[PDB]
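Participant: so I pulled this structure from the PDB, and the sequence comes with it:
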Amino acid sequence: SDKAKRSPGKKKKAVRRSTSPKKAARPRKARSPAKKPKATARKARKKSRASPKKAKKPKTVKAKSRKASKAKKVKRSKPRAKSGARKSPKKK
DNA sequence: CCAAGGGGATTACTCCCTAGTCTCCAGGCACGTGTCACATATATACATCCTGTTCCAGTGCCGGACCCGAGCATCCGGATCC
């Protein structure tokens, strides 16, 4: 009895906690794209058509533009997910 | 080969008798050094005084060992691109 949920279960394809990606897919459904079960960052709502080597530098620019308080909140928040990632698998 | 006694001899202290020479034998002199004298100088037993360093405390500091945590890198977990 370390964790009774184990809903992903891995096998080569899963979703991280199935909730934060769901929390990101909710704006997908609410806004114009209304995508099938795929979930990503915010900038895709502005431009659904994106590509790697190009859809990441604006995130770094935004991080530079924002403040140290926001950066610290970012470092602090998801450590909850760091703690929770060991519950269901129970190990590595 | 020496100790005792055989006779025979010049010396050297000893008598005789005089006399002139260092030495006892005492009333007086003004000296010589062994003792005396007040303190010296000499060697010794106490009380532990007071100083300034030089004999030491408290903590008037915080030196090493072991487990964590900051941000930029690469693996991996995830968007979705032909």
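Facilitator: That came through fine. Numbers count the residues shown, from 1 in each chain, chains lettered A, B, ... in the order given.
Participant: and the spatially most central residue of chain A, what does it touch?
Facilitator: Residue closest to the average C-alpha location in chain A (C-alpha atoms, centre = their mean): residue A:21, at 4.9 Å. Residue A:21 makes contact with A:15, A:39, according to C-beta atoms under 8 Å, 6 or more residues apart in numbering. From N, CA and C alone the C-beta is placed, and that goes for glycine too.
Participant: remind me which helix or strand it belongs to.
Facilitator: According to DSSP states H and E, residue A:21 maps onto helix A:20-30.
Participant: residue A:2 now?
Facilitator: Element membership for residue A:2, per DSSP H and E: none, as it lies in no helix or strand.
Participant: what's the closest non-adjacent residue to it?
Facilitator: Spatial nearest neighbour of residue A:2, chain neighbours left out: residue A:90 (4.6 Å); criterion: C-beta to C-beta, 6 or more residues apart in numbering.
Participant: could you measure from the one you found over to DNA strand B?
Facilitator: Residue A:90 is 16 Å from DNA strand B, where distance means C-beta to the nearest atom of the strand, to the nearest Å.
Participant: what's the burial count for residue A:28?
Facilitator: For residue A:28, the count of nearby residues is 20 (other C-beta atoms under 10 Å).
Participant: what's the spacing between the residue nearest to the centre of chain A and DNA strand B?
Facilitator: For residue A:21, the distance to DNA strand B - C-beta to the nearest atom of the strand - is 5 Å.
Participant: sorry, back to before: neighbours around the residue nearest to residue A:2, how many?
Facilitator: Around residue A:90 there are 9 residues (other C-beta under 10 Å).
Participant: can you give me phi and psi for it?
Facilitator: phi 70, psi -10 (degrees, to the nearest 10).
Participant: now do residue A:61
Facilitator: phi -60, psi -40.
Participant: give me every residue that touches it.
Facilitator: With C-beta under 8 Å, 6+ apart as the criterion, no residue contacts residue A:61.
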